[PDB]
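The structure appears below as structure tokens.
Just so you know, all these numbers are worked out from the coordinates, no wet-lab data involved. For neighbour counting, all protein chains shown are included, and Cβ atoms are generated from backbone atoms with ideal geometry for every residue, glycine included.
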Amino acid sequence: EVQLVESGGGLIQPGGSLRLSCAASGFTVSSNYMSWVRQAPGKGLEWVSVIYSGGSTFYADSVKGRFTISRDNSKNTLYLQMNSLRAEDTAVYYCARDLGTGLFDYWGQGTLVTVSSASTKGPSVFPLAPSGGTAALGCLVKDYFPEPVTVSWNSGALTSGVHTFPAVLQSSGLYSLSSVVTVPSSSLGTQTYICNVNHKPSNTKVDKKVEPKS
Amino acid sequence: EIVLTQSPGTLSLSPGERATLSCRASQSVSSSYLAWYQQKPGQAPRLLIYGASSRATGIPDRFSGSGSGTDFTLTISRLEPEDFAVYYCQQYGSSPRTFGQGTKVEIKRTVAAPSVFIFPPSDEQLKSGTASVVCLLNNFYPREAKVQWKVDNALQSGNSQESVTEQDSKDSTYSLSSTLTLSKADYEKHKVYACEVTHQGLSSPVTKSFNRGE
């Protein structure tokens with residue numbers, strides 16, 4: 001069973017340097033073409049680098065002079081050294097095996113490399129109050145960094161009809177997220193609705209009650 | 001850098017229907033140097049077809065490939081719930097290993113009009129110094145939808161950010177949140193704030209508006 005398990009990815013400031021590792025099981029790294037291929041957030045796949053069985057290394061123009069591919073045979077690992085990082089390098093990376101010199105037949109699970117020049121900041125939680133039949137309410141979790149954020153409703157008691165929107169990166173460098181839910185409007189005054197926001201990178205938990213408005 | 005162009009960009013088909021994706025190359029690649037890959041959201045790619053007509057190990061007999069020269073075709077004979085994902089074509093004949101820009105295959109539900117709600121900024125957020133007006137489009141299809149912001153019937157563009165949810169698991173619907181962030185002064189300088197939704201499911205564009213402080 002061919003299994004590629006990747007690790008080492010994480011948050012890092014621009015200009016930094018990371019070392020992505022990919023451990024293999026079921027085949028030899030020294031005898032196979034081993035490639036790194038990344039996927040930008042909301043974009044297709046681009047082949048990053050490759051190491052041949054004979055030690056030959058090749059890189060793309062976008063990573064030439066900044067990335068270095070290597071393989072360790074005693075522990076059958078693949079290393080990708082990332083230097084001079086920029087926001088363009090933010091992506092989910094995959095180590096892959098090349099069968100028949102070009103076919104990426106077996107992949108890994110992927111590791112995330114996030115390059116941002118911010119600082120860790122806690123979120124500010126604001127309500128989105130309602131106002132026939134179905135009523136929509138929600139929470140705006142603004143100005144936090146970095147991802148992720150777990151948002152529940154009524155400490156998990158309310159799961160039907162919840163839509164948590166993906167966080168977008170504002171121009172200020174922090175993230176903004178919206179968590180909305182549709183409920184029976186009749187229960188708006190006779191039921192307490194709390195959105196629970198947990199942001200572990202800053203260890204910030206906010207329980208915000210959403211009560212109707214005028 | 002032989003240019004692969006996939007067609008279409010997004011293919012809306014229901015389970016059971018026959019999917020036909022196209023990959024057209026700028027320069028001819030030999031028939032046995034085009035591969036078709038599958039990728040699901042949050043998952044690594046998966047080699048489906050090698051040599052443009054041969055199936056990878058494990059791949060059902062509903063996936064198929066054909067073509068030659070510059071034109072290639074990926075055929076899903078009968079669609080399954082599990083097949084709805086992104087698909088890529090890659091040429092690996094020359095040295096520049098290039099991918100296609102992607103082709104998404106998604107479940108077509110009947111055109112559903114978005115339930116449009118609007119959320120003005122709260123008093124806490126207005127005390128914070130900035131105001132973000134939220135516009136929620138709930139349970140609509142397709143994903144293509146236009147959201148316009150009008151401050152006193154004046155179209156504001158370039159200061160609002162959109163966020164789209166993943167396709168729902170049951171009804172295959174979308175939810176969109178458009179956040180218009182503006183200063184407290186610019187918020188209090190006007191009265192009428194409107195979100196205008198232009199969608200294929202709406203015979204007439206729907207305007208959800210509010211008046212500041214009412």
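Criterion first (farther than 30 Å from B:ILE118 by Cα, of a type outside the set (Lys, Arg) and in contact with a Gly (Cβ under 8 Å, 6 or more places away or on another chain)) does A:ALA96 satisfy it?
When the stated conditions are applied, A:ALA96 passes them.
Out of all the residues in region B:181-194, is one or more within 14 Å of chain A (Cβ to nearest Cβ), over 18 Å from B:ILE118 (Cβ atoms) and in a strand (DSSP E or B)?
Yes; the residues of region B:181-194 include at least one that is within 14 Å of chain A (Cβ to nearest Cβ), over 18 Å from B:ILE118 (Cβ atoms) and in a strand (DSSP E or B).
Filter region B:24-47 down to the residues that are within 22 Å of B:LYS108 (Cβ to Cβ) and more than 10 Å from every other protein chain (Cβ to nearest Cβ) and list them by number.
Matches in region B:24-47: B:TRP36, B:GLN38, B:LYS40, B:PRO41.
Filter region B:96-121 for residues that are hydrophobic (A, V, I, L, M, F, W, C) and at the interface with chain A (Cβ under 9 Å from one of its Cβ atoms) and give the result.
Start the filter on region B:96-121 by keeping residues that are hydrophobic (A, V, I, L, M, F, W, C), which leaves B:99, B:105, B:107, B:111-113, B:116-119.
Scanning region B:96-121 gives B:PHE99, B:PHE117, B:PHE119.
Search region B:122-172 for residues being exposed (fewer than 14 other Cβ atoms within 10 Å of the Cβ) and of a type in the set (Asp, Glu), and hand back the single one that is nearest to the other protein chains (Cβ to nearest Cβ).
B:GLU124
From B:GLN43, B:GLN101, B:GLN90, grab the single residue that is touching a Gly at 6+ places or on another chain (Cβ under 6 Å) and not in a helix (DSSP H, G or I).
B:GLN101
Which is within 19 Å of the chain's Cα centre (by Cα) and closer than 18 Å to A:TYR106 by Cα, of B:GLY58, B:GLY51, B:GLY42, B:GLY9?
B:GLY42
If I filter region A:104-121 for residues that are more than 30 Å from A:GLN81 (Cβ to Cβ) and under 26 Å from the mean Cα position of the chain (by Cα), do I get at least one hit?
No, region A:104-121 contains no residue that is more than 30 Å from A:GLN81 (Cβ to Cβ) and under 26 Å from the mean Cα position of the chain (by Cα).
Just for region A:6-29: of the residues that are surrounded by 14 or more Cβ atoms within 10 Å (Cβ to Cβ) and within 21 Å of A:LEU99 (Cα to Cα), which one is farthest from the other protein chains (Cβ to nearest Cβ)?
A:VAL29
Among all residue pairs at least 6 apart or on different chains, which show Cβ distances below 9 Å where the first residue, located in region A:160-175, is at negative phi and the second is assigned to a loop (DSSP other than H, G, I, E, B) and β-branched (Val, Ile, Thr)?
Final answer for the pair search is A:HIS163/B:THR165; A:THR164/A:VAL149; A:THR164/B:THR165; A:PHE165/B:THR165; A:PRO166/B:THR165; A:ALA167/A:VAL149; A:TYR175/A:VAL149.
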